[PDB]
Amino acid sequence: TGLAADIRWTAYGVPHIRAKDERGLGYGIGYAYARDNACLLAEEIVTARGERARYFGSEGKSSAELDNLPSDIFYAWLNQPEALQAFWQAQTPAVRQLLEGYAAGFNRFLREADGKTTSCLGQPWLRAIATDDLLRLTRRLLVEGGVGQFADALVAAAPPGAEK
């Protein structure tokens, strides 16, 4: 609570969010974004939580074109609870407030959504989000310049057997 935002949209659905603080600003951003892109964010959060195979089976791929099960192993490893906790503890109060607001605004849209702009209405993976989910997305972006480019290679790393 204490979450409030004023949103204006100009041509082509560009939002202009005004708020008195970061929590309200995040609230407006999460709500406006969800109106346009709820399905996208839910799918990418499933990916960053390492839950693709749970919803979609091992036959599918992520939007990064990695197989679901290797992608899940990689993100389960990347986004372990200890790592998320340490990341959160290092965030400034302003950043924490932006993220808390964003999750609440996205979730507000989901509570009210009737399918007008949301094609995945009713899917089991379209779920309320948590600030931890936004940290999972942040960490996924962080490693795009490093270990994320070696995700398949990390999953493939197994010690030698008895071979010649």
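Note that residue numbering follows the sequence shown and begins at 1.
- Averaged over CA atoms, B-factors in the entry run higher in 119-127 than in the other of 36-44 and 119-127.
- In the PDB entry, residue 68 places in the lowest third of its chain by CA B-factor.
- Looking at the C-alpha B-factors along this chain, the one for residue 109 belongs to the middle third.
- In the deposited entry, the Cα temperature factor of residue 11 places it in the highest third of its chain's modelled residues.
- The entry lists a Cα temperature factor for residue 80 that places it in the middle third of the chain's modelled residues.
- Placement of the Cα temperature factor of residue 97 within the chain: middle third of the modelled residues, per the deposited record.
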